[PDB]
Amino acid sequence: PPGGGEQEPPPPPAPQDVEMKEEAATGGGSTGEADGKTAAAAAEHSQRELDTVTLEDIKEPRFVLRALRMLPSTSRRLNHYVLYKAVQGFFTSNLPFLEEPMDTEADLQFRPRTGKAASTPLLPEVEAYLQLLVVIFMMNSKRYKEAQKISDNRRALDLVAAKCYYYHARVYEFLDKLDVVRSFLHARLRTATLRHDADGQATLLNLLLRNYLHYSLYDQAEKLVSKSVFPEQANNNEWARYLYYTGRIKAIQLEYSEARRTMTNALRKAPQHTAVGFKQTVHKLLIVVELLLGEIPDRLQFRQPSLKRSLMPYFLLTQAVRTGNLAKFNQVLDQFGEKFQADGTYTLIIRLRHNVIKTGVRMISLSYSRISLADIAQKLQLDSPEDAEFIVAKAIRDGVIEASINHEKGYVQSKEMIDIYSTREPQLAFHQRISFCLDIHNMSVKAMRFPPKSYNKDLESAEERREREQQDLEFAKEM
Amino acid sequence: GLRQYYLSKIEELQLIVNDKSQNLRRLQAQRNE
Amino acid sequence: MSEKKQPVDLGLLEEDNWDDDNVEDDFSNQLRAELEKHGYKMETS
């Protein structure tokens, strides 16, 4: 009894108090602001929702019996908060928290408000240990939310519901089927994108793609023809994961040129927060695909504390691939195949042999000028000299090297191509970035004039000084 | 009735209007200064 | 403000002012010392 009298009492009052201005005041201001004005995003308090989600994530009977049927009930809500606090201080409070929104005069008269209120129970119920709020009961609460979803008037409800049917997906993600979630999402997508433009063409796309790939079906038809590619309103958080998904989709189909740029943009759109969960994966792929595309080094050495422990296999891998040796590649694959399979990346790196052999032959071509093929096999350990002829021939085909070969003799001789400065390519190289440096100036200037505003102050010299000047001039002209 | 059709049309027009209004409000200032 | 959250798979179970060059780690594969190679190669011939 003595132990629980000094640290247990504090938990009750202080969190309630600091919540009274965190979500109670937030709800009160949103009701008269989001549902009281057309500021939308401004008075929608999506960042207040954000903060009250992130803080409560790492953080109900009183707040569920909120009443606002009449003005006295709405006024009462706030004194009833203190009344329930006093009851909690004196007495011990408590399914029976789902019928209250239909009772206790609960007439918010704003869907934007009752939605967030309902979702707030769902988030704790989702995070109620691993119980899943008695499983389907959380889903049933979200089934209630889905009934609310069909309620209507979306000058706020839309951007309120986004988060709702984003956690809704997580509910099934942690449990049972997802196929019928896909059916629902497909329907909901055209339920939107038809009410002119309403957004959600960002969140629903990511929700659909999150486990479309996880089920391991690489359908792409609708992605190339999707009209929701361009919501243009993503808060710079949705856009990153959307670009990541489309980049992996593009890269898995033997397309490397565009995936690098799009997914590098996606990675560099990532925020500054300490969490590095998805950045681990995007980095890992962003350097596998760069190894695949030609032989760009990618070895922009990463030793940051967060990423150091994870990417230890990959460092060893790049070490083998950069050199022309091939036994090292097998000695790495047979060692880390299971680890790569656990990462879902065995299929991409299993086709890396061609890149290794291209690097080796290019290095051999650049180093020597006249070498017998009776040693190329020994240096690259192909175990046979005759097929080295075919390998070199294929290399010459694609313009890898311009060396000729005397088949009757056996030695390979290479041409000499120097003085690239006179070639037209450096002009192209300069132009490609002249374009960028000209674009950035216009981009910067475009947004400079937005902050200058409220400059109504426009006065020249005076108002009544003109009469004094005229009088002085007349007096001077009189004499 | 046919209210839904009319709602759709009027809503689309009003949704467009605001962007234009905004992109003109900035333009007026420069000229004034 | 500072929402900064991502849903899945946080992992990993929790300097140098000289610009990095790849070559430094290449011979980190072996040849610990030029000394050792020269000393233990020259004796043969």
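What you see of chain A is 18-76, 90-124, 132-189, 199-525, where the numbers are those given in Swiss-Prot.
Cβ atoms here come from the backbone N, Cα and C positions, even for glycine.
What Swiss-Prot records for this protein:
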- A:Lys38: SUMO1 cross-link (CROSSLNK)
- A:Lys38: SUMO2 cross-link (CROSSLNK)
- A:286-465: domain 'PCI' (DOMAIN)
- A:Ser418: phosphoserine (MOD_RES)
- A:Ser430: phosphoserine (MOD_RES)
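Features recorded in Swiss-Prot, as mapped to the structure shown.
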residue  : record           : Cβ contacts under 8 Å, 6 or more apart
A:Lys38  : SUMO1 cross-link : none
A:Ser418 : phosphoserine    : A:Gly456, A:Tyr457, A:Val458
A:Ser430 : phosphoserine    : A:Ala423
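In the three-state DSSP assignment, the secondary structure recorded for the residue listed as 'SUMO1 cross-link' is helix.
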